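Architecture at a glance
Residue-level listing of the chains:
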Amino acid sequence: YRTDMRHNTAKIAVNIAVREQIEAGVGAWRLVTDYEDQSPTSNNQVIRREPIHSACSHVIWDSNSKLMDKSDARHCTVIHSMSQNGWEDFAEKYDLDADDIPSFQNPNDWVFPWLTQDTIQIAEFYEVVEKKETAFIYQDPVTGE
Amino acid sequence: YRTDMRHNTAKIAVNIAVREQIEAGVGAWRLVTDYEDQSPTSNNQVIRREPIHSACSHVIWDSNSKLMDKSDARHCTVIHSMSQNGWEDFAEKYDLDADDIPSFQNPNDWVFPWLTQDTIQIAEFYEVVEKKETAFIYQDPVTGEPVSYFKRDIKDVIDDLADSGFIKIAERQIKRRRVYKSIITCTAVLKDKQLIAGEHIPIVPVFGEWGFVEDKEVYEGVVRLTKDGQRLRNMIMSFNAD
Amino acid sequence: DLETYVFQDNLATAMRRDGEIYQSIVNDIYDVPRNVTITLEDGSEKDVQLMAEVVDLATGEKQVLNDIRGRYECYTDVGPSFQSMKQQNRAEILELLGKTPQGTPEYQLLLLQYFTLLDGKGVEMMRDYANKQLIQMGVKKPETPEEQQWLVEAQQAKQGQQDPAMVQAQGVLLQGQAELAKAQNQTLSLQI
Amino acid sequence: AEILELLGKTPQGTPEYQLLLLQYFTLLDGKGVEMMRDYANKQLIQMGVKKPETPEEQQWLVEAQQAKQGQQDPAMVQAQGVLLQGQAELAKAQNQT
């Protein structure tokens, strides 16, 4: 844990969440895994935090949740608001195609003399299930356990 | 690190960035390598900081970045503002020609009774890519331990390495970031994709407080909220003097 | 604390980023030596500081050789600003002196370690005296032949010391042993 | 930090305080502070609190073990001489018999 959450990203995410919570009482930050070979932590994967800059409207939790930390929730929608070149990078990262433009709900509003907006919104949907899967019981050769 | 960042340039750059941060909530300073023979640090190179005086408009980051230190950024445009003799030296130190006058966007504005301006703006473009290039695994002839070297760095020394006790063991592929720098002048590209030694964009930013309100970043300092009262005080004093 | 703590933290974050960039540039440009210990029976803990450089043999330019495995093995942190590696050691010794109570061997060791770190030639008497004391106490290891001379001189001088109580007790024990020998002789005198 | 806290909770002039000081010293990083680290490690090995790992560590331990047996209390020797004189007097009485 010390190795994974030592960099600047975790501290920046926590500081952003704290400032948001002080101003408007909500904030969030997500945990994302990745592939890295030059300096892996234990295996060829690293865990890092990531900041969410408007948790009021971008993160949408399950309406049936009842706890403060949203432990008993099965829904989570993250509405990305991101630019054209960022959209090309996003499509290149996964196996999407950069030729069609995605669209979704618009969290932000046109309430300022702002010149331009990204106008490219995509969403991510997390869900949790419990199905009582199976497991195998083996015998270790090094130790008879 | 102590040897490289001991001179006056680093301290001056940090002080400039701090003062900018205090007044208008943004600042930056870049790291530049150079060749030195009289007093090298380890090899015939020296690493030095450099100051950027108006990071508000001269340094332009990627619009998709989300962090304060801009760790996840793939673009950086530095708009140099420099005089005629400065332009001649800039052309001399690279392989550019001093006969054509470059041009670019104008960061500054003509809003003061100033006499003259440089009116010579050129830009530098930094980008970062990831490609997962290959690497060679050698055997250290001194101690029987494997060592790994990137193919690109030793592509002209492969035969010489084979001449010594080094022997190749296997081949792998390791992902690694690279930084490229190009020079643009709003009409053509002068130098295209020079390989910078670093792995991240050299520019290091400092920010006033922080902020993303709806989808656009906002930063503040100390003077933003003290302008209306100050102007009112000035107006009242002027009226009383009249 | 201070009124500018948030700005100080932001500057610390920027300094961490600068340290990361500098580390990357050094790894890609400079020649970082790799530390290896031979672990010889005669020589224990020998920091050879092995380096590896190869020339092209076709041009005068050199070529760097940095291993990939041992590139990123020290993280960046924020601390006070100094100018040379000797000032950092001096500051750490001063801090340890502040944390160490007086009338303790550790305090004397820290004082000698501080004294053997001065720069000026005017203060050379104390530096030489501190080095000699540290070597003669066996805490430090001699390097130049005069230092082994000091060490062997201290070794010879150490054995000269004798406890008077030990000698007096030995004399008493010898008197007792002689009395026992006299008793055993009296037995043979009875035997005739 | 835990060693510092334990030092704060431990009164001075106590073997635990010295043990905590040595444990704190043997945790430094810089090469400038290396003589103190080596001295603390050697002390902790020679006092038997830790366990030797590298061959020089067992060398230090056996050197300390050999140095330990050399110590002799003068009171022990004087009292032994007193016993020897008394036993010789008893032998003299038995010889008189």
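Residues numbered from 1 in each chain as written, not as in the entry; some residues may be left out. Chains lettered and ligands numbered in written order. Part of a larger assembly, values for the part shown. Heavy atoms only, no water.

Each helix and strand in chain B was counted, giving four helices and 11 strands. The C-alpha atoms of chain B give 24 Å as radius of gyration, which overshoots the globular expectation for 242 residues (18 Å, by more than 25%). Expressed along its principal axes, the backbone C-alpha trace of chain B runs to roughly 90 × 45 × 35 Å. The proportion of buried residues among the 242 residues of chain B is 38%. For chain B, contacts bridging at least 24 residues in sequence account for 59% of all contacts bridging at least 6. When the accessible surface of chain B is split by element, carbon and sulfur atoms take 51% of a total near 14000 Å². (Helix = DSSP H or I, 4+ residues; strand = E, 2+ residues; numbered from the N terminus. Rg over C-alpha atoms; globule rule 2.2 N^0.38 Å. Buried < 20%, exposed > 50% of the residue type's maximum accessible area, 1.4 Å probe, protein only. Contact = heavy atoms within 4.5 Å. Areas by Shrake-Rupley, 256 points an atom, 1.4 Å probe, with all protein chains shown as cover.)

Here the focus is the sheet that holds strand β11 (residues 204-207) of chain B. All names here are of chain B. Strand order in the open sheet made by the three strands is β2-β1-β11, with antiparallel pairing throughout. Of all the strands in the sheet, the pair left with one neighbour each is β2 (46-51) and β11. Each neighbouring strand pair of the sheet contributes to a mean axis angle of 20 degrees, computed without reference to strand direction. Taken together, the four bridges between strand β1 (residues 26-34) and β11 define a ladder with antiparallel strand orientation. (Pairing = 2+ DSSP bridges. Axes fitted to C-alpha atoms, helices over the stretch in contact; angles between N-to-C directions.)

Right, let's talk about the packing of aromatic side chains for a bit. Tallied over the entire structure, the rule returns 15 aromatic pairs over all chains. Look at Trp210(B) and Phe212(B): their rings are 5.7 Å apart centre to centre, the planes differ by 50 degrees, and that puts the pair in the tilted class. A relative accessible area of 15% means that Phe212(B) is categorised as buried. Measuring from centroid to centroid gives 6.0 Å for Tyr24(D) and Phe25(D), while their planes differ by 50 degrees, and the two rings are tilted. With relative accessibility at 18%, the residue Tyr24(D) sits in the buried group. An aromatic cluster of three or more residues is present, and its members are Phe207(B), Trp210(B), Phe212(B) and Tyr219(B). (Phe/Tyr/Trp six-rings, centres within 6.5 Å; stacked < 30°, edge-to-face > 60°.)

A few words on empty space enclosed by the protein. Tallied over the full model, the rule gives four cavities of 30 Å³ or more. In this structure, the largest cavity spans a volume of roughly 110 Å³. Around the largest cavity sit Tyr149(B), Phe150(B), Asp153(B), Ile154(B), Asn27(C), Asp28(C), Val64(C), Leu65(C), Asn66(C), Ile68(C) and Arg71(C), which together line it. At the level of secondary structure, the elements contributing two or more residues to the lining of the largest cavity comprise β7 (146-150) of chain B together with α1 (5-29) of chain C. Its residues placed into classes, the lining of the largest cavity shows six nonpolar, two polar and three charged. (1 Å grid on protein atoms, 1.4 Å probe; cavity = no way out; pocket = protein on both sides within 12 Å on 5 of 7 lines; lining within 4 Å. Points joined across faces, edges and corners; volume = space filled by probe spheres on them. Nonpolar A, V, L, I, M, F, W, Y, C, P; charged D, E, K, R; others polar.)

Phi is positive for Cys186(B), which is not a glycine, with a value near 70 degrees. Residue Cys186(B) is classed as exposed on the basis of its relative accessible area of 61%. Its identity is not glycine, yet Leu57(C) carries a phi of approximately 65 degrees, on the positive side. Inspection of the secondary structure puts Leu57(C) in the loop between β1 (53-55) and β2 (62-64).

Another aspect to go through is the packing of helix α3 (residues 105-115) of chain C against helix α4 (residues 125-136) of chain C. To characterise two packed helices, one gives the angle between the axes of the helices and the distance between these axes. Residue and element names in this part refer to chain C. In the contact formed by α3 and α4, the axes pass within 8 Å of each other and the chain directions differ by 135 degrees. Taken together, the axis directions place α3 and α4 in an arrangement best described as oblique. As α3 packs across α4, the resulting crossing turns out to be left-handed. In contact with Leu109, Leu112, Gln113 and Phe115 of α3, α4 contributes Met126, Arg127, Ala130, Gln133 and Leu134. Among the residues forming the contact of α3 with α4, the class breakdown is six nonpolar, two polar and one charged. (Parallel < 35°, antiparallel > 145°, perpendicular 65-115°, else oblique. Left-handed = near helix turned anticlockwise from the far one by under 90°.)

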